[PDB]
Amino acid sequence: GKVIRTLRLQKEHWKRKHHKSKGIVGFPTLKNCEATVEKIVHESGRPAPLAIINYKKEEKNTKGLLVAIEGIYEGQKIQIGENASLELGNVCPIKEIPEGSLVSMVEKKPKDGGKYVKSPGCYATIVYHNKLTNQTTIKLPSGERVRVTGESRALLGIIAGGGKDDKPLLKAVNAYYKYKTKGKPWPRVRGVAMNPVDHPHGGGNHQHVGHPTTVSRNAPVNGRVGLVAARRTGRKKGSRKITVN
RNA sequence: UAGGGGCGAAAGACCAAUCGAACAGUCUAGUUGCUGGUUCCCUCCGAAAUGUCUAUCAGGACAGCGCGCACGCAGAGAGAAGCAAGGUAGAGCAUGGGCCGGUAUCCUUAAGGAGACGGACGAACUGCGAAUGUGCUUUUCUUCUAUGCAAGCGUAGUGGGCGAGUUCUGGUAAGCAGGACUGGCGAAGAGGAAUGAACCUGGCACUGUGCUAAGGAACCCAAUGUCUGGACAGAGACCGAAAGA
RNA sequence: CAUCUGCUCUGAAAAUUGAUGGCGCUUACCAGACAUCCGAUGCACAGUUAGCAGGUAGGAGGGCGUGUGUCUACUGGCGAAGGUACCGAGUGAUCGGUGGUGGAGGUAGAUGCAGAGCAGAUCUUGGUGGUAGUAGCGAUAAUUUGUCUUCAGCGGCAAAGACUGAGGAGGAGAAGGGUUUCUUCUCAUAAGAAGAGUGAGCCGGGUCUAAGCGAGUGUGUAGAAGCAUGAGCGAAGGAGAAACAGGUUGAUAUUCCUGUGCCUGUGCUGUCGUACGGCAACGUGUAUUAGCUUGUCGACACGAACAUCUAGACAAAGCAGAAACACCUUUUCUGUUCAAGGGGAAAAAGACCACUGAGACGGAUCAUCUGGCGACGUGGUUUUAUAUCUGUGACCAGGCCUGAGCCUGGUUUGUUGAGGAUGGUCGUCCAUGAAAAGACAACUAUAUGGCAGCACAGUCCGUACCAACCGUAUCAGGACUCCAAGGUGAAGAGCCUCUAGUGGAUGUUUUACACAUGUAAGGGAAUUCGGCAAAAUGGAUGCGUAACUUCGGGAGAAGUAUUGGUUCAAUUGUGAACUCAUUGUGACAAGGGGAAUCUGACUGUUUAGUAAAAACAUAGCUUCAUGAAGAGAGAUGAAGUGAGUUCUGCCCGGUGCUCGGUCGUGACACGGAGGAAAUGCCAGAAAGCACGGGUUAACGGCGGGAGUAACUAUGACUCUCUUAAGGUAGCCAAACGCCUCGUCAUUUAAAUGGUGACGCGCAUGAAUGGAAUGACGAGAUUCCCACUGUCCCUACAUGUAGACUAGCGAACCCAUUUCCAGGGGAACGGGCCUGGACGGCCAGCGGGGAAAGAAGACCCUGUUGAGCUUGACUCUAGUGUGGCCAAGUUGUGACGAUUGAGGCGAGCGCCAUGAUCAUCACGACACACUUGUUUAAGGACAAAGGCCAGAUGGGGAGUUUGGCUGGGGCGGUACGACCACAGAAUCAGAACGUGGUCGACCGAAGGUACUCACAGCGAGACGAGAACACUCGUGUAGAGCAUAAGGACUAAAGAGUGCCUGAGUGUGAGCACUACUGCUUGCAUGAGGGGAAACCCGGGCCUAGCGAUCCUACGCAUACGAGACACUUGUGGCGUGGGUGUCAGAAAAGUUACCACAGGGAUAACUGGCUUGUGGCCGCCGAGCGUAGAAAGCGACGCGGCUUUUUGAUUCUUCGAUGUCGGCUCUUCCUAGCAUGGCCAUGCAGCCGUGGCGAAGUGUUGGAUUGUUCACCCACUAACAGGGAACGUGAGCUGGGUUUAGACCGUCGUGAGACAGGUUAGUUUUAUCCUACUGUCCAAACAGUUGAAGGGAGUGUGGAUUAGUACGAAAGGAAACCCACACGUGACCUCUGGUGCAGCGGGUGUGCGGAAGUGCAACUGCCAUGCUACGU
RNA sequence: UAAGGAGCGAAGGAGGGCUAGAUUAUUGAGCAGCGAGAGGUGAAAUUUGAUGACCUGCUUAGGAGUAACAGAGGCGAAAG
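Numbering-wise (PDB author numbering), the first sequence opens with residue 2 and increments by one.
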């Protein structure tokens, strides 16, 4: 047969375009700074708003981008790095923040610029500090617990734009605007409605799959469709998670 | 974004009147056990549609039947006369299978059974047995025979057949399917059955005079009349049963 | 009288008209005989001749002709070759001469070399016919008259008549074209030839940057591709310094000329400058370069309402000129202009500054709103149009003259108003709506800078025209944009007009059949698969509006009434009166409505060119995988179901996916033992596999049999088999039910239909999603109201073609000689044989030419393909897993490998610890390697490369998927062997002919020598019986012989008993159609067997139990071995084993309804032919039955025929094509007689019937369900018989069924896919030829006639009278003449319907100044003549 | 007014809403010790344990609750 939809959309001419982008998002590199928030802006592909910051490096003014936490305003002064106060919207070394606190834009290793929590409405929880090894345990929004060194930086607050998934998209055109900038195929034609030249689920005198939909992790790429390496299937209840800090 | 690739609100849709794999050009005069065609005259000879093996059944090869060149040469698609083998037609029912009825007598019953016998029968019953056909010897056995036979060598076509008379098997039968024997049409014209591949007479270089065949002889149409019996039905010359006055 | 033989007779019925061959024959027949004649390519005689003589496929011998070579002989201007008429020679292929034409070359003989002879190939190229002066040439607005040319153009010009109608058939640009544009001449004409024509600082290109492309360099590659970075490039419609009026040419113009300007720079001469004002909001002053830095401009979505301006359009008055006047009118028409640049208001809308000090309150918008972070008020500051003036006069209208110049006007007011411009507000979004070049301000330094005059400069390329573009063209198609008047009306709708633009194949009143349209008595879907098509409804205003519902909707529900003109009131609500001959959204424009069911939620999308859908999409719902990112779990990808409401039961046995451990297996490397060494051997061994768990909103799956309740039925209850679990809740003859047209109710006169119920449901059912509704479908289906030419049943009229005529002018197709009936024939003839008939012409028509299209698409065959699937065969990319490979450095412990000095148990193995090399975790440093944490972080790990080895692998690649066969498939095996039967008494001998057997078994069931029988039957012998052991007599096999069938065997070949391993070893010859195989037989040998010996034995009493080349295993002796020699491996020879059952021997699964190619009537799906089982119809006999009684009527059990209208059986004709079911329409034939006419019998009183005979003239209907033929009901009737003609009839129609490609359901399949199972959507081409048929002319002067031959026509019902009669116990109950009607036939318009071309009238919208006369769009009342039936 | 409503003074109650804290207990994980059974009942089986249960230490993570004092005691319109 021919090449499936899933492979074609991974070729280079289909990658997302950057022509409307504001810049690369991430923290400054300097040990200490005082910054001012210049503007709060929407960026074409992203639902969380961005804040433009201004800080001096040598004598010269320089500009950066952060993801906005909820409760900043244009004109606010913010303090970055060691010796910053625990005030909403400051950036601090993680070892300085008390247990049970909520944080965003956490660095996985020092000076990486911030990864981890970046989507609207999300946060992470500080669950443990180890005074020997200088590690800290953070609980991520998937439920995963990960350990990071005390020298990493983090932003104090919750990411702006929460609640967005409460309102249903009642019409086809509303879905159109949401997926127009994403990589997923919309509208999505079902594999059982294709001919066998186009998809492993195609063909036959009734619409059916005909073979089990759970497939191996090591299966060849042009036929790896369906539920890939599923441990279980169906709507029944699972089992207890195992937890360590 | 480009061909075993694209693109698809999915129809195998669309990608320059081309898409269940584009166009241009080359390899390439790709291959073909299958269809079509294959160019002058006269003379002489003249088939086969069967057997064995084949991923064989619309094809091959080997053998059998033609022709050419021919070393050589007592032979013959016919009879007699001695001699073998055969189990069909007819005939029979003696081992085996198998239908109906029995006198005297016998056994029991007071029923039935057996029976000295008669009638009816078999592709896989036989005690007897033809005609026709087959083989052996003898030219020291009639009759024919050189314009004849012919080892050997080289090489062709053929390997869908069909029909008549006599017979057979399967089938209600069939211008049906399948065998055997002797001549045909295939590859055969001419005269006759009004017409007809195969039926009757009878086998063809080219002319002329006579005669016959088969079939005809009022007229169409070359040749026709006679004698004796039957027969009356718009009958017969061409044409159907059991049953009948 | 009874039998038998001959001829006649009865049994004896088929579809166009018919066949002893015809006409005829009764003395042309049947049977028995007789005469002699006619008749072959045969026979006789005679010529010619080698004479011996037919011939396909095929084979051989001798000759004729063509282009060129070598030689010999000749020839041509006193006319060569060629070509054309005649004449001679040869059996023939061919050859020779004569007369005209032609104008320079040509042969005869013998040999040599070949591109060496045509009727055909749907042959190749070129040229020409018939058809044929024919088919056609005419969609759109429309044309007439005069006059000149033209020389014969509806060409030009005047006057009329029309049309596009400002979302134009008008005026311009772009893409595309490229001289098509202008002048002259000529026809050569959508034709040529010769010239001429496009002028810029201010218009556009050359500039900037979007999405993006990229030279070079780095890395890579055999070279490439690719990847990282990046000079340069990327918009004639995005950003982008500065121009406008009026004139002029045959053709250019914001480009030329005149006038008035502007931008960017340069230079001269004058003339001034180095600062101030306001509480402030800010002003006055035309101001230099340069630089940091901060900001602004360039610089931006959609939608709605409200202001203001400008084009435009109206109406009054003034003047100037036009139109109209039988009448009337100060009625009607055209005009009334002002650019860029300069100067400049009031106004409206917002910002802001000073004073002031406000509320349970003031201000303010069409709408939101607004104020102590300062309201109202009073005075100011600033930003954004426009009117008006100047632009020095141009331009327009009119008058007077004129081959030129003068003169006069261009004045005032009101209403409205964009489809253009601008301003400040408001709404929407999980969508927030480009960059850069180039500018400007503030701040800091620095200063000869501003203005006026005059002068200079600004390169290069494009510039004509389009109705001329792409479709083979002068093609009804396609193709990016701009400007836009008046009336009617909501409206750049339709209809009518102004500005501007427009047109030719000719004449004829022109039948039939058409194509676009009108109208119709009475009836109203009766029509048809189906209301398909048409009709009906229609705008605005008011009254009045149901079920159900997600509460939004349904809803314009439905149902009803009103509407013109005039003259008034009243001011947006509307009222009232008067008036008209059909009435008023008058033309144009403009919904039919209701009740239910199946199905998809909705708007949206799709097979360009047969499918618009129930299919796809969609919002919502659920599952899966991941902490990797230029992205970071409210994320990023993969699947399934299909909005909302309400539910979503049970199963982890199989298959898959996933998790955990090894107990076993499982590669290469790395080790070990041995040997002179190679080859082998042993260990070792990840992941996988196996094993144990999880998982169905994963693939999917979800039962049988018996009994049992006070009538019968049914079974809550019991028992029994069975499993992974035995279909829960719901729903149903449903788009899913075979039987099936299921049963009951309702709808109709009548229901294969619809709806409601019921349910052991062939084969319903739960995100392979189940069930109940709303709103919305060009979706499928049933019914009702309105409405109608769909129909009964057709008639009349209009336009355009068509017929005839002038001008112009083709194609398909074609072996052609073409009237029928029967016969035969390749089984349906135009042509052949025997009969019936025989002409040409013009216009129509569709019976035939199995008419033309196109090497049948269905079906089979080919050792021909391609797309797609998987549990087919053999490989492969990707993904995982192991060991090894760039000398990192140094610590600690550990297991392991190798050998000593210790200890235990009757020097052994076992237990202690001490030295020698690798080596697995763990630490701590920095040097390889990694990362924009980069003057940095990690770190010998990772990540990325390389060489070998295992695992997985329809993601892909190649290929295969036997044969015979009463077509193929499914089934069997007639595919290798053996016996019997038949195949007309040797042997042989076919069919999916008949009855069967084989793929082995046995140390004896083999070899030998000797002994004796057997199966039964008749007597005996205790228990002991039907049947126990023992005896005597008979006993030709009635028994046995392992295993089919046949043959064979008696002191044995059978049953016993003894001994043996001949079921030896070498090597020959033969038989069965004879290779393999099986058997028969010769000679030589054994320290061979059995027997006294003669004799016998190298398997089974005989006929069946089996297999090549190459490779490999074993036995046997004799060989070979590379320069030489020794050994371990190897190679030769003979013979046996390991195996091919498709058995004279390849290594192999499906599907195509998406399909291709070569062929086949060697072979299926129609018709025809042969047959007639089965279907239908008729005879013979007489057992019984009929109230008696064979036979009025019947007729068992048996027996003989006919028919082709049923279905089989067979495969002769057609696969380079004979259009396939039913209906509609129309004609003819048959009889086996339903009605109607004449008769005979009766169990015939009469009435009504029943059985038969001669007879085919005239009849045999309207409907409901269904695609039906068929069936079954209702209504009528004299009666509602049965059939044929290529299952009559598609260049006659229709297209409901079946049978291409889309899609749903059930059952089957792992799947692609299947299903004489159900459902819905699905392109019907061409006559102009010949012949037939229908009419028309000629053959046939004119007037009057004749009648050969051909055609043919009237059929039936009722009433009255006989008559309440005959006849019958009664009840009942018949038989001419006359009159009324229906159907059919032929005519006719006096009457009555219908139609409206000629004729008279009326109104609506808009044109010609009014009235009168009238155009266009079309509407409407009456109606001559004519034609017609619903009339006579 | 030994009818009602407004108000003053000192005091009492598990009456109600909110904010910030608490002693144990029951489960779950981590690590350490030990080396065979634990659980449950009238009596037992499903079941769990050498991948170390049970029991004893130390760490942690959550979400409920307020024992004994506590009564013919108190409060509220009742539910509480």
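Ideal Cβ positions, reconstructed from N, Cα and C, are used throughout, including at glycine.
Between the options, which has its C-alpha nearest residue i's C-alpha?
{"i": "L87", "options": "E60, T214, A155", "result": "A155"}
{"i": "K181", "options": "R6, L67, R17", "result": "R17"}
{"i": "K57", "options": "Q80, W15, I73", "result": "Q80"}
{"i": "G65", "options": "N131, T214, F28, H212", "result": "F28"}
{"i": "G76", "options": "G204, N55, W15, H19", "result": "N55"}
{"i": "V229", "options": "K238, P213, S240", "result": "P213"}
{"i": "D113", "options": "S153, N131, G90, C93", "result": "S153"}
What do you reckon, are the CB atoms on residue i and residue j nearer than 8 Å?
{"i": "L157", "j": "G82", "result": "no"}
{"i": "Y117", "j": "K109", "result": "yes"}
{"i": "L103", "j": "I139", "result": "no"}
{"i": "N135", "j": "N84", "result": "no"}
{"i": "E145", "j": "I127", "result": "no"}
{"i": "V26", "j": "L67", "result": "yes"}
{"i": "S120", "j": "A49", "result": "yes"}
{"i": "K3", "j": "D199", "result": "yes"}
{"i": "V147", "j": "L141", "result": "yes"}
{"i": "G72", "j": "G122", "result": "no"}
{"i": "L51", "j": "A69", "result": "yes"}
{"i": "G224", "j": "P201", "result": "yes"}
Please look up how many angstroms separate the CB atoms of residue i and residue j, rounded, as I've assumed it's under 8 Å.
{"i": "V216", "j": "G227", "result": "5 Å"}
{"i": "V42", "j": "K21", "result": "Their Cβ separation, rounded to whole angstroms, is 12 Å, which puts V42 and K21 out of contact at 8 Å."}
{"i": "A194", "j": "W187", "result": "At roughly 16 Å, the Cβ-Cβ gap does not stay under 8 Å, so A194 and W187 are not in contact."}
{"i": "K61", "j": "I53", "result": "Not quite, the Cβ-Cβ distance comes to about 16 Å (not below 8 Å), so this is no contact."}
Run the CB neighbour count on residue i, radius 10 Å, all protein chains shown included, and call it buried at 16 or more, exposed below.
{"i": "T234", "result": "exposed"}
{"i": "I95", "result": "buried"}
Run the proximity test for residue i: is its beta-carbon closer than 7 Å to any non-hydrogen atom belonging to the ligand MG?
{"i": "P121", "result": "Among the components of this structure there are no ligands whatsoever, and the ligand MG is therefore not found."}
Item checked: Secondary structure, beta strand (DSSP E): runs of 3+ residues fully inside the region 152-223 -> 154-156
Checklist line | Contiguous beta strand (DSSP E) assignments of at least 3 residues, all confined to the region 41-77 | finding: 47-58, 61-68
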